[PDB]
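Chains as they are written, first to last, in the authors' numbering: chain Z, 2 to 161; chain X, 2 to 161; chain C, 2 to 161; chain D, 2 to 161; chain B, 2 to 161; chain P, 2 to 161.
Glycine included, C-beta positions come from ideal geometry on N, C-alpha and C.
Let me begin by presenting the structure, written as structure tokens, before commenting on it.
6 protein chains.
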Amino acid sequence: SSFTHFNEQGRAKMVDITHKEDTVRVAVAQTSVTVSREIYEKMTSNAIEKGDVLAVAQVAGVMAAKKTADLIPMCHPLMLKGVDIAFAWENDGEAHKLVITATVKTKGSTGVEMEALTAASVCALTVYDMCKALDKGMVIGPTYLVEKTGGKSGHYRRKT
Amino acid sequence: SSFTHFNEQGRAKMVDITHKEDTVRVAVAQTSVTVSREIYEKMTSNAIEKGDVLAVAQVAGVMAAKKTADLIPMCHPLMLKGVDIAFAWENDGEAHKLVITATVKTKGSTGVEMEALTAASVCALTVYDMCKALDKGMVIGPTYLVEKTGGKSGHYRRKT
Amino acid sequence: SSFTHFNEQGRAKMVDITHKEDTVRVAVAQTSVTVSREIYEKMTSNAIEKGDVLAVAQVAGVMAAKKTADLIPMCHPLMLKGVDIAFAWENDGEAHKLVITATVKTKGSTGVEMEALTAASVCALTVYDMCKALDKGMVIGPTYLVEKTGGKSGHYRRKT
Amino acid sequence: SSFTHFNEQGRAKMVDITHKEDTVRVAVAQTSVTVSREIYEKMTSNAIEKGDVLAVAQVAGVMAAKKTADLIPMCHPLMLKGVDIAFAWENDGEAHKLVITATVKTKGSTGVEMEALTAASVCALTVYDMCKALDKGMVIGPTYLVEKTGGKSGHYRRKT
Amino acid sequence: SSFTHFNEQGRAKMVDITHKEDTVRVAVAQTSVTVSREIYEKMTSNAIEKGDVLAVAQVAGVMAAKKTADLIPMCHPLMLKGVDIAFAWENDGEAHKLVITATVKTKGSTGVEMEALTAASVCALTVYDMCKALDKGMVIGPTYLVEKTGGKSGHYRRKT
Amino acid sequence: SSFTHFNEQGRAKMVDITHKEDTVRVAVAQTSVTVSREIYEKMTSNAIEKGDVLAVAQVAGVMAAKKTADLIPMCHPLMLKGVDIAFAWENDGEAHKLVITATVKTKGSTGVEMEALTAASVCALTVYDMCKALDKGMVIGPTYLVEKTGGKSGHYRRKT
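Below is the structure:
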């Protein structure tokens, strides 16, 4: 086993994928934002705050998926065919945990794990930006790959 | 207490900071990447792999700090005065944990918490991109604010 | 009277504003999207379509204000202090007309008319993108400046 | 009929077009800029002002077509195969009206209506930026789709 | 003497300029494009080719000045106050040489040498892009700083 | 022979390549940075300065290849399949000359000469940015195309 993102001189390169074949590739990444009770309360009630934080974070996440190659040095620029995000409130203890799941799809010679991970990361950062006025102690993550299909390494799926 | 990023119609807005005063503001954010033993071994030895993953991730993180306003919908575009990142290998158990700490500085009417958090997040994503060929099970985070100075809310510092 | 955006050789330049003074500047721009009855009905009822088109368009508009200098060749890159957008349904006849009003604020040596106009334009384009599946005949505009304050030319205000 | 840009949770998503087939797609959009007599005179005579406003606006429009996915939240990033813009002075009354027509072409599973509309919009905004020193009362639009070919909805063509 | 763009760990950082004072800074950079006789002939006659290559290259150069921080890893994002470019045909022998001179101005705690150099470089690349259909043998450069004012290192001026 | 980047009205357009066929295309560009003895000494010894300038410049160059269409007005946005850069110190006299060679690969209907040239140019500019603290007299270039394969004009190769 060995790195693929370094060249003959030990420096970063964008791996040549010219020969590889084009297949349907999908990647699912997950992260979360743990928040204070106050933040959870204001995000789940429209009694006073009618603003939708998730709608904004969703948009940021989708747009981030498209900006992945602009942010990750060696990532290839791809023609994403689809990007969607799903939210779910959970309770990792007594604290409220917003779980974020990003799914990215494409047709090409390279996976979209980075696009999914980046979409999830920026989605979380946006939730943080929209709620930080209430509390700066919010915690993002862990962030990880849930699964990916297509490509050489076949189907990947985090064990649970 | 209340959200600041929503307008009179319950939709997202970039808060007007015209009246606020310009002061020295700093923000420190932290995250990490937990990796397999193989990834740790190849990143800490130059015997075969001479490529520097941290050098690439560092560059990505600094550039991400500058792209923060392009990624986070309601963030103000700022003239960052400084951005630096520090790395440290730790052992959150028997697994190797790369700790990433991003520090951002500026002079203005709004904090740089998002710039620091974004810098740290993309730095981590880049480490993941550079090592994923070896293992897709890497875990990023938790990501959180360590401290921030300047501004209304005074000095913030996560308790440890 | 004469152009300011052309140089000694008759080609485009970014006008030097080094000597000018920094003052509070605001700009308000307006546009609209005329839509079919079906589009209006689905955007104003949550009975089936619960998606908020305006929330997405609002985010796009704010982000576009920040990208103004990236899109308009000779515009100066500014540290926007605030950006907000307001919506209102009107009836320019028997057809439904969504009126969009973008307000941009800053502190500097140049106005933000372009930022407001661009914010409004992209906000409208986003409404169009979100509803085009229903009808491609939507009409955007007219788009124009409502008013601007600060600067040499003093206070401007479109007569009505 | 129903929206396609919203997901199972009522939030924005980039529609999956993985299954669709790749065909030749074209889109033509139109807009205009109504200007004062003075602006028209200086743009149509090289006696004193030799700067070419249309050359600058043309460049901005083409570049905007490529930035469409960066500006419109749910638009797919495409490999545009061609982008061209045409100008024509008209007289919508006694006032001078610069008509702008943008044509975008590509080969893929999704239309380029947004790319054409965005190209036209930014082209107009650039004309406004280059002439605003003379008058801020310029009016942009209406902006609309003239026609599009390829895709499910077959050939579209605005009736005149 | 020592590098300023590396941190305590030997990796890239954006130097903190928080303490420095804000002064008027200017930078002038120069480059050129050596072309074949055919390219020179078509660029200097409107008999058949009426397209203005310099107008396009000028726009690209100005826009590149603004994108400098997006391209150069450790450059600070600045509020440029002015950007202009000048062209001149010369004869570095019997071959035609288009000389490009970019001038950038700002008010801040850091010079704009990179903005001027980048503006000149992209301006040249654009001339190349517009004429490559005629010949791929065009040569760009040398590219260098002509002079800079303001800052610690005082006034710099290349000896001739 | 004639320009391809101008339309029927003598203004810039992105040439339609819809009909052309997709083939493997490669482009190799070269440039250099001539530096003072002091700069060469600090870049080739780790005795004190352990920072790797080439690692940073390499990353900037690869990322610039992907940003080519954002910088060069009429360039088509492509799905680059590979980007690599190679360095070599030479002595164009008694002065030290860092030679930079960028290779870009893709599969499509248009060459990647601009991507290679842009990658090389920004790589050089980054070396300059990282070393300018030591000397502002560094000279970049000449920059030129070494060779390109695929496409109509067949195989191109600069004579030496």
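Under DSSP, the beta-bridge partners assigned to residue 15 of chain B are X:84.
Interface residue (Cβ-Cβ distance to chain X less than 9 Å): residue 86 of chain C is classified as such. By the Cβ-count criterion, residue 33 of chain D is buried, with 16 or more other Cβ atoms from all chains shown falling within 10 Å of its own Cβ.
When only Cα atoms are considered, residue 31 of chain X and residue 59 of chain B end up about 43 Å apart.
Here residue 20 of chain B is exposed: its Cβ has fewer than 16 other Cβ atoms, across all protein chains shown, within 10 Å.
A residue is called buried when at least 16 other Cβ atoms come within 10 angstroms of its Cβ; residue 116 of chain B meets this threshold and is buried.
If you ignore the 5 residues before and after residue 82 of chain X, its C-beta comes within less than 7 Å of the C-beta of 106, 107, 108, all in its own chain and listed in chain order.
Residues of chain P with a Cβ closer than 9 Å to the Cβ of residue 123 of chain X do not exist, since the nearest Cβ in that chain sits about 13 Å away. Of the candidates P:126, P:71, P:95, P:89, P:89 places its Cα closest to the Cα of residue 45 of chain P. Inter-residue distance for residue 134 of chain X and residue 29 of chain D is about 44 Å (C-alpha atoms, whole angstroms). When DSSP states are grouped into helix, strand and coil, residue 109 of chain C belongs to the strand group. Short of 7 Å from the beta carbon of residue 76 of chain P, and not among the five residues preceding or following it, lie these beta carbons of its own chain, in chain order: 69, 70, 115. Rounded to the nearest whole angstrom, the C-alpha separation of residue 4 of chain P and residue 132 of chain B is 7 Å. Annotated three-state conformation of residue 48 of chain D is coil, per DSSP.
Residue pairing for residue 129 of chain P: DSSP places it in no beta bridge.
Contact with chain Z is found for residue 61 of chain X, since one of that chain's Cβ atoms lies less than 9 Å from the residue's Cβ. Using a Cβ-Cβ cut-off of 9 Å, residue 82 of chain X counts as an interface residue toward chain B, since at least one Cβ of chain B sits closer than that to its own. For residue 100 of chain P, same chain residues with a beta-carbon under 6 Å away, outside a window of 5 residues either side, are 33, 89, 91 in chain order. Neighbours of residue 70 of chain P across chain D, judged by C-beta separation under 7 Å: 67.
About 6 Å separates the beta carbon of residue 57 of chain C from that of residue 74 of chain D, a gap short enough to meet the 8 Å contact definition. In this structure residue 93 of chain X is exposed. Its beta-carbon is surrounded by fewer than 16 other beta-carbon atoms within 10 angstroms. Residue 67 of chain D: member of the alpha helix (DSSP H) spanning 54-72, first to last residue.
Contacts with chain X at 9 Å (Cβ-Cβ) do not include residue 153 of chain B. The C-beta distance from residue 27 of chain B to residue 150 of chain B rounds to 5 Å, short enough to meet the 8 Å contact threshold. Contacts between residue 17 of chain C and chain B, judged by CB atoms closer than 8 Å, involve 82, 83, 85, 106 in chain order. Residue 43 of chain D and residue 50 of chain D have their C-alpha atoms roughly 6 Å apart.
In terms of beta-carbon proximity, residue 53 of chain X lines the interface with chain P, with at least one pair separated by less than 9 Å. With distances taken between CA atoms, residue 35 of chain X lies nearest to X:138 out of X:80, X:53, X:104, X:138. When the Cα atoms are used, residue 18 of chain B and residue 64 of chain B turn out to be separated by approximately 25 Å. Put simply, the CB of residue 57 of chain X is near chain P, with a gap under 9 Å to one of its CB atoms.
By the neighbour-count definition (other C-beta atoms within 10 Å, threshold 16), residue 123 of chain C is a buried residue.
Here the alpha carbons of residue 84 of chain B and residue 11 of chain C stand approximately 14 Å from one another.
DSSP places residue 159 of chain C outside both helix and strand once states are collapsed to three, so it counts as coil. At a C-beta separation below 7 Å, residue 75 of chain X has these neighbours in chain C: 63. Around residue 26 of chain B, no beta-carbon contact reaches into chain X at under 7 Å, the shortest distance being about 14 Å. Per DSSP, the unbroken beta strand (DSSP E) holding residue 149 of chain Z starts and ends at 145-150.
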